[PDB]
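To keep things clear, I will list the structure first and then write my remarks on it.
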Amino acid sequence: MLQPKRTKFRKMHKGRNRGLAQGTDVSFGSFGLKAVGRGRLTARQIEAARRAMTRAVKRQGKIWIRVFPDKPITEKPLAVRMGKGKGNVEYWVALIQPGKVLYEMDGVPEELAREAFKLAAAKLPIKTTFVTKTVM
Amino acid sequence: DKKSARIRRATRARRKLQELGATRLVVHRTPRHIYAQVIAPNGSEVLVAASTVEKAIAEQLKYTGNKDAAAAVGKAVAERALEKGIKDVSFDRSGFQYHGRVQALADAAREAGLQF
Amino acid sequence: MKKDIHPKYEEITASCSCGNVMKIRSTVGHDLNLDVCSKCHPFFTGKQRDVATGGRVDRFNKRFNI
Amino acid sequence: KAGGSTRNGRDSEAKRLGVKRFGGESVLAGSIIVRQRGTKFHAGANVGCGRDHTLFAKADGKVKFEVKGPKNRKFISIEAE
Amino acid sequence: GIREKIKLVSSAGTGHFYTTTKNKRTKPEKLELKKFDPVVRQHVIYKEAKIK
Amino acid sequence: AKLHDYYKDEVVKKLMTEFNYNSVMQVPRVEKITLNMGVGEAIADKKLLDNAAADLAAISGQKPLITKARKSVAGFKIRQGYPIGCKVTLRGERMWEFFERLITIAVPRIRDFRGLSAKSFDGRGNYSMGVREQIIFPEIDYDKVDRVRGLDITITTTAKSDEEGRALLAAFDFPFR
RNA sequence: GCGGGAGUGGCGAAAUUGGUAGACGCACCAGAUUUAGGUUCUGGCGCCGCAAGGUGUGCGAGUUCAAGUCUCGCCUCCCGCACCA
RNA sequence: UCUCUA
RNA sequence: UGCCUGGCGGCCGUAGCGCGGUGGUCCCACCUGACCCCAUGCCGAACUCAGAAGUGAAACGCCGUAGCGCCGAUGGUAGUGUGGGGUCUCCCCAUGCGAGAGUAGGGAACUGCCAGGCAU
RNA sequence: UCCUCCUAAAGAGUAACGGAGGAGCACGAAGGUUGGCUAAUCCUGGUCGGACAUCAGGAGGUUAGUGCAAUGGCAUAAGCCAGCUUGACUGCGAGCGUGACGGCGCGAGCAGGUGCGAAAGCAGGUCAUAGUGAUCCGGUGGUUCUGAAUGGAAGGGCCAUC
RNA sequence: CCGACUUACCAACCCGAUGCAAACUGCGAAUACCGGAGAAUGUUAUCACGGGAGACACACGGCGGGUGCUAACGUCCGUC
Ligand SMILES: [Mg+2]
Ligand SMILES: [Mg+2]
Ligand SMILES: [Mg+2]
Ligand SMILES: [Mg+2]
Ligand SMILES: [Mg+2]
Ligand SMILES: [Mg+2]
Ligand SMILES: [Mg+2]
Ligand SMILES: [Mg+2]
Ligand SMILES: [Mg+2]
Ligand SMILES: [Mg+2]
Ligand SMILES: [Mg+2]
Ligand SMILES: [Mg+2]
Ligand SMILES: [Mg+2]
Ligand SMILES: [Mg+2]
Ligand SMILES: [Mg+2]
Ligand SMILES: [Mg+2]
Ligand SMILES: [Mg+2]
Ligand SMILES: [Mg+2]
Ligand SMILES: [Mg+2]
Ligand SMILES: [Mg+2]
Ligand SMILES: [Mg+2]
Ligand SMILES: [Mg+2]
Ligand SMILES: [Mg+2]
Ligand SMILES: [Mg+2]
Ligand SMILES: [Mg+2]
Ligand SMILES: [Mg+2]
Ligand SMILES: [Mg+2]
Ligand SMILES: [Mg+2]
Ligand SMILES: [Mg+2]
Ligand SMILES: [Zn+2]
């Protein structure tokens, strides 16, 4: 499970998740899993889709993870009234805009990357798509 | 290095006279020569100037970089300033110590009639 | 230099066992008689000689004859 | 299930800093132009710097903001009026 | 608040005084300053006295 | 200034030959000699610093500048401002005369002297050596002293490289090896 | 669940104003006493080794020139409150 | 003065 | 008027670094010496003084050079004021403003006053 | 109660049992002025001497420093050394800022007298923003201002201060 | 004592590529705000003083946000 080792601050505002993404092009590898929807991916969802494509490739090829969960998410416990401070940090998310490349992959064929990224996208709440390395 | 530290050493009183609007006598000192010039409060144009590089001053002297040359320079620039009607200035040491040739120049200009 | 804070630094004569008479400025005051100077120090002959490894086979053949 | 607190309740009063008279704005002598902590601005012609780096007018006239110096620092001067 | 308070009495005979503080532990010697006395309109040496 | 005259007449001509310099100002020359005694034990008592400065004032006839800690470190139990060493800068004639008395008297008075190192020129011509024991100078009386000090010598020259200083000291017959 | 306190060698226990970490004692090891064991008596004793210094105060990061000795989080343990319909 | 046990 | 140099500015990197080259009549720099003016918590290193034997090595100045730094469009994109709309955690339409980053490209500053030197 | 940042929506201001940190002082020099200086860290060499004392050179260029929290400043240094000093002056104060108010703040300049500097000039506490407490009552010194028939006095007032 | 080399358990700096930030900024809008000039319009709509108040329990909706679960006809601010 991905998590920052150190943080400048322990808690963070809820913020918003509007705007387009930046990690749009397939930078490192040959095939990519691009986000189409909007939302937040936890560290569990990231690690589960990583497991599903590492097992689908039999550790063949190289897999990049373009995102990193750096936003802390607080929750208040059950049967706690709405005052008395901000809730306790429970888990970590990464804010995902449309166009964000989530994963990259090479060293494998295209059809194997399709079935691996499909097994990974079945572990993700947001709608994804398959992309390849574009020249320019 | 030495040039830069002299400029850093001079640029406080220069900016202070820059905001005082002071007509300022600028001394510049070399081991061989000594220079003087009276500068308008805008800092962009001069009024009078004197040196030991001028022939009319250097030919009456033994060496161009001693105290007697520096006093002859401060006398010449003061007599030119009083010729042009400039009487009250402010002495810019230009990062040198007020000592030796610089002091003998300013004492010559005080004695010849400038007021600072 | 300043005037008073420094020790006395006066020219004296230092002669050596090799007869190297040398006048130097020093804080000793009295005259000096040396033992070795840089002229007569065995840096150029003696330290070269003073390694002296010697041979083991040559020691063996030295100790007798067949 | 009662409990909690908040070690983080504090804050100080707003000091009402900023620029009191903007550019092209005629002032009297002694009029406060800028209150500020550091020298975010600097005093130019006919402008004094206070004890707390407050920029006040030494004369009467219009405020002129301008950028001078090798460091591109922001100077405030009073134009004549 | 160990820095106690004193007064700097004029040595001009007037009872005029400035009031101030000092650390009597680290500065045991008495404070003497040359200050302005508005009654005599001169600068006169003031000496440390008790704040009373 | 005996070695200064020997520099000015024969060393400059020699180095101009063995380097083929365009100008005579391009030659190396010695600039200063620095004599440090790092006395980290004077936090025990001032008198060790005060007496170590007295011995080095006899070596070079100058009053030493008592150096202090630039900052505070706790591994050595020192605070910023403690007098922790002494130095002497030697320039001019007093530099040359100390360098004469050094290479003529004191280096031969080293116990088991077998040469210096040519690997102590700090990459940029400046040579640094350290003596174990101050009694090699004859200024110090052996019965009169009690504590074996040690100092370090730093010859700062105007040579850019390391070899131009090595040739300069070798021109002064400096006993490298 | 809230609040208060503490965590140190094999053990109980100390250290102050942040300036080595183990004072002490117990237990253990060894020595001498004794036929022998116990006692009693003397001397050692936190971990790595040539003897020469380094690791070490619940876990992990900061502050400090430098922390058991501050500060935050985590952890376990102890105590008191957890009331009104 | 005290002095257990095999 | 041309060249060169020194001083004081304007402007504040298209003006700064780097690399190579180059300059000594004058100027500048280093330099020589220091009992003195003055100076070093030691030192004529610096500061200062008296000077002018030497050298342009360094520094400085000048020339060249696109390895950088820097500047930098056009178009588009993001955002957004008003009005309207939808599938309303977010977007779209009309209209107005319009970046940042990046690209092409530019680019090895320009200029004023005084003084001096050599030429004209 | 006070200070700093964010929330705070590019003037000011702006709430929550919202997110994070500090203050209830210090300094007779750690103030003023004149003169001068410029860091952190790392590399190499070097007696004891060691990851780390001091010394010399080089890279670097403020990544340091600021009496203390944070922010904004700081090379003309507001940072760091030394000399002389007491402007950590008294009476005022045009004109502005900020508050519902009480109040708080900045301030050129004027009069007197002073310190440093050759001089131009600077100085009415400290790089700034926290380091604080109304009134009443009472105490101390000064002052004929008042003084219950009159002369004093008590007491009160005013100024400084607790 | 010096060390001999080769691993695959890692890795500083630096270099290149790629992301994130309310308490980051070598950039930087739209709007808003302050000041000035100019028309047209508007029953002075503005300011000052004085007489009299009431009110200081707000609500939802849009936009920008904190908190909560971008839960609440929830809660707390800014603006309409
Ligand atoms: Mg301890
Ligand atoms: Mg039994
Ligand atoms: Mg028995
Ligand atoms: Mg050139
Ligand atoms: Mg010189
Ligand atoms: Mg050259
Ligand atoms: Mg455009
Ligand atoms: Mg652009
Ligand atoms: Mg350039
Ligand atoms: Mg160039
Ligand atoms: Mg605001
Ligand atoms: Mg706003
Ligand atoms: Mg201070
Ligand atoms: Mg100064
Ligand atoms: Mg070392
Ligand atoms: Mg100060
Ligand atoms: Mg401060
Ligand atoms: Mg009462
Ligand atoms: Mg009366
Ligand atoms: Mg009466
Ligand atoms: Mg931001
Ligand atoms: Mg109410
Ligand atoms: Mg209300
Ligand atoms: Mg409301
Ligand atoms: Mg809201
Ligand atoms: Mg809300
Ligand atoms: Mg709601
Ligand atoms: Mg409601
Ligand atoms: Mg609303
Ligand atoms: Zn001899």
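Scheme for the structure tokens: letters A, B, ... for chains in order shown; per-chain residue numbers from 1; ligand numbers from 1 in order shown.
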Nearby residues, ligand 9, 10 Å, only C-alpha atoms (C1' of nucleotides) and all ligand atoms, as a PyMOL selection string: chain I and resi 13-17+66+68-70+107-109
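Around ligand 27, using only C-alpha atoms (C1' of nucleotides) and all ligand atoms and a cut-off of 10 Å, the residues in contact are residues 68, 71, 72, 73, 74 and 75 of chain K.
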Store the residues picked out above in a file with C-alpha atoms (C1' of nucleotides), as a PDB file, in the first residue's frame.
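See again09.pdb below for the written result:
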ATOM      1  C1'   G K  68     -19.148  16.067   7.862  1.00  0.00           C
ATOM      2  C1'   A K  71     -24.324  12.655   3.727  1.00  0.00           C
ATOM      3  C1'   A K  72     -28.550  15.735   5.723  1.00  0.00           C
ATOM      4  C1'   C K  73     -34.542  20.677   4.603  1.00  0.00           C
ATOM      5  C1'   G K  74     -26.856  19.408   8.443  1.00  0.00           C
ATOM      6  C1'   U K  75     -23.281  23.107  10.285  1.00  0.00           C
TER       7        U K  75
END
Nearby residues, ligand 12, 10 Å, only C-alpha atoms (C1' of nucleotides) and all ligand atoms, as an MDAnalysis selection string: (chainID J and resid 8:13) or (chainID K and resid 31:33 78)
Taking only C-alpha atoms (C1' of nucleotides) and all ligand atoms into account, list the residues no farther than 9 Å from ligand 5, as a count of residues only. 4
Considering only C-alpha atoms (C1' of nucleotides), return as number ranges by chain whatever protein or nucleic-acid residues lie within 8 Å of residue B:100, sequence-local ones (same chain, fewer than 6 positions apart) excluded. B: 67; I: 37, 48-49
Close residues, residue G:64 itself excluded, 12 Å, only C-alpha atoms (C1' of nucleotides), min 6 positions apart in chain, as an MDAnalysis selection string: (chainID F and resid 72:74) or (chainID G and resid 18 70:71)
Which parts of stretch 45-174 of chain F does DSSP call strand (DSSP E or B) when run on the backbone here, written out as a PyMOL selection string? chain F and resi 65-68+73+78+83-87+89-90+127-131+151-157
Only residues of chain I matter here; which ones have an atom within 6 Å of chain F, counting only C-alpha atoms (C1' of nucleotides)? Give them as a PyMOL selection string. chain I and resi 42-43+55+57
Ligand 8: which residues are within 8 Å, counting only C-alpha atoms (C1' of nucleotides) and all ligand atoms, as a PDB file with C-alpha atoms (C1' of nucleotides), in the first residue's frame?
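Wrote it out as out.pdb, contents follow:
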ATOM      1  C1'   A I  99      -2.872  32.824 -19.121  1.00  0.00           C
ATOM      2  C1'   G I 100       1.060  29.603 -17.671  1.00  0.00           C
ATOM      3  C1'   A I 101       4.131  25.960 -19.811  1.00  0.00           C
TER       4        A I 101
END
Leaving out residue K:69 and any residue of its chain fewer than 6 positions from it, which residues lie within 12 Å of it when counting only C-alpha atoms (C1' of nucleotides), given as a PDB file with C-alpha atoms (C1' of nucleotides), in the first residue's frame?
ATOM      1  CA  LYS A  14     -11.199  18.162   1.340  1.00  0.00           C
ATOM      2  CA  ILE A  73      -8.573  11.323   4.188  1.00  0.00           C
ATOM      3  CA  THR A  74     -10.088  11.728   7.635  1.00  0.00           C
ATOM      4  CA  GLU A  75     -13.127  10.050   9.113  1.00  0.00           C
ATOM      5  CA  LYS A  76     -14.925  10.529  12.343  1.00  0.00           C
ATOM      6  CA  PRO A  77     -15.697   7.375  14.337  1.00  0.00           C
ATOM      7  CA  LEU A  78     -19.139   5.917  14.745  1.00  0.00           C
ATOM      8  CA  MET A  82     -20.066  16.586  14.527  1.00  0.00           C
ATOM      9  CA  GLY A  87     -11.569  13.384  12.260  1.00  0.00           C
TER      10      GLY A  87
ATOM     11  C1'   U I  89     -19.479  16.210  -6.269  1.00  0.00           C
TER      12        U I  89
END
Can you pull out every residue within 12 Å of residue G:26, counting only C-alpha atoms (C1' of nucleotides), but drop anything in the same chain fewer than 5 positions away, and send it as a ChimeraX atom specification? /G:10-13
Once you count only C-alpha atoms (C1' of nucleotides) and all ligand atoms, which residues end up within 12 Å of ligand 4, and could you hand them over as a ChimeraX atom specification? /I:20-23,60-64
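Residues in contact range of stretch 4-16 of chain C, defined as at most 6 Å between only C-alpha atoms (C1' of nucleotides), with sequence neighbours fewer than 6 positions away removed, read residues 22, 23, 24, 25, 26, 27, 31, 32, 33, 34 and 35 of chain C; 61, 62 and 63 of chain F.
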Selected residues written out, N, CA, C and O atoms, as a PDB file, in the first residue's frame:
ATOM      1  N   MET C  22      76.589  30.173  10.273  1.00  0.00           N
ATOM      2  CA  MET C  22      75.419  30.782   9.657  1.00  0.00           C
ATOM      3  C   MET C  22      74.854  31.842  10.583  1.00  0.00           C
ATOM      4  O   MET C  22      74.551  31.546  11.739  1.00  0.00           O
ATOM      5  N   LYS C  23      74.691  33.064  10.093  1.00  0.00           N
ATOM      6  CA  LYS C  23      74.120  34.124  10.911  1.00  0.00           C
ATOM      7  C   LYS C  23      72.645  34.238  10.569  1.00  0.00           C
ATOM      8  O   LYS C  23      72.283  34.445   9.407  1.00  0.00           O
ATOM      9  N   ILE C  24      71.802  34.089  11.587  1.00  0.00           N
ATOM     10  CA  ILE C  24      70.358  34.148  11.435  1.00  0.00           C
ATOM     11  C   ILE C  24      69.776  35.113  12.453  1.00  0.00           C
ATOM     12  O   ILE C  24      70.387  35.405  13.478  1.00  0.00           O
ATOM     13  N   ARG C  25      68.559  35.571  12.187  1.00  0.00           N
ATOM     14  CA  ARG C  25      67.813  36.357  13.155  1.00  0.00           C
ATOM     15  C   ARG C  25      66.873  35.453  13.936  1.00  0.00           C
ATOM     16  O   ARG C  25      66.146  34.643  13.351  1.00  0.00           O
ATOM     17  N   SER C  26      66.907  35.583  15.257  1.00  0.00           N
ATOM     18  CA  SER C  26      66.325  34.601  16.154  1.00  0.00           C
ATOM     19  C   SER C  26      65.878  35.305  17.424  1.00  0.00           C
ATOM     20  O   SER C  26      66.128  36.497  17.621  1.00  0.00           O
ATOM     21  N   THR C  27      65.213  34.546  18.293  1.00  0.00           N
ATOM     22  CA  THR C  27      64.773  35.042  19.589  1.00  0.00           C
ATOM     23  C   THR C  27      65.583  34.439  20.730  1.00  0.00           C
ATOM     24  O   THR C  27      65.175  34.517  21.892  1.00  0.00           O
ATOM     25  N   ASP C  31      74.621  33.249  21.434  1.00  0.00           N
ATOM     26  CA  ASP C  31      75.149  32.569  20.264  1.00  0.00           C
ATOM     27  C   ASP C  31      74.849  31.078  20.351  1.00  0.00           C
ATOM     28  O   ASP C  31      74.643  30.527  21.435  1.00  0.00           O
ATOM     29  N   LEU C  32      74.806  30.419  19.195  1.00  0.00           N
ATOM     30  CA  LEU C  32      74.338  29.043  19.140  1.00  0.00           C
ATOM     31  C   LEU C  32      75.369  28.098  18.532  1.00  0.00           C
ATOM     32  O   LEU C  32      75.990  28.399  17.504  1.00  0.00           O
ATOM     33  N   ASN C  33      75.538  26.947  19.186  1.00  0.00           N
ATOM     34  CA  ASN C  33      76.401  25.872  18.712  1.00  0.00           C
ATOM     35  C   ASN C  33      75.532  24.656  18.417  1.00  0.00           C
ATOM     36  O   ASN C  33      74.851  24.145  19.311  1.00  0.00           O
ATOM     37  N   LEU C  34      75.555  24.209  17.167  1.00  0.00           N
ATOM     38  CA  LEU C  34      74.723  23.137  16.655  1.00  0.00           C
ATOM     39  C   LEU C  34      75.422  21.784  16.695  1.00  0.00           C
ATOM     40  O   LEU C  34      76.573  21.643  17.114  1.00  0.00           O
ATOM     41  N   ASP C  35      74.693  20.775  16.232  1.00  0.00           N
ATOM     42  CA  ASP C  35      75.154  19.399  16.152  1.00  0.00           C
ATOM     43  C   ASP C  35      75.154  18.882  14.724  1.00  0.00           C
ATOM     44  O   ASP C  35      76.152  18.308  14.273  1.00  0.00           O
TER      45      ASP C  35
ATOM     46  N   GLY F  61      59.291  35.352  15.901  1.00  0.00           N
ATOM     47  CA  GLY F  61      59.254  36.438  16.852  1.00  0.00           C
ATOM     48  C   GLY F  61      58.037  37.316  16.674  1.00  0.00           C
ATOM     49  O   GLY F  61      58.161  38.528  16.485  1.00  0.00           O
ATOM     50  N   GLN F  62      56.856  36.712  16.728  1.00  0.00           N
ATOM     51  CA  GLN F  62      55.608  37.445  16.681  1.00  0.00           C
ATOM     52  C   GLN F  62      54.695  36.966  17.795  1.00  0.00           C
ATOM     53  O   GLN F  62      54.763  35.810  18.215  1.00  0.00           O
ATOM     54  N   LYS F  63      53.835  37.853  18.266  1.00  0.00           N
ATOM     55  CA  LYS F  63      52.809  37.424  19.200  1.00  0.00           C
ATOM     56  C   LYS F  63      51.722  36.676  18.441  1.00  0.00           C
ATOM     57  O   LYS F  63      51.187  37.203  17.463  1.00  0.00           O
TER      58      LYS F  63
END
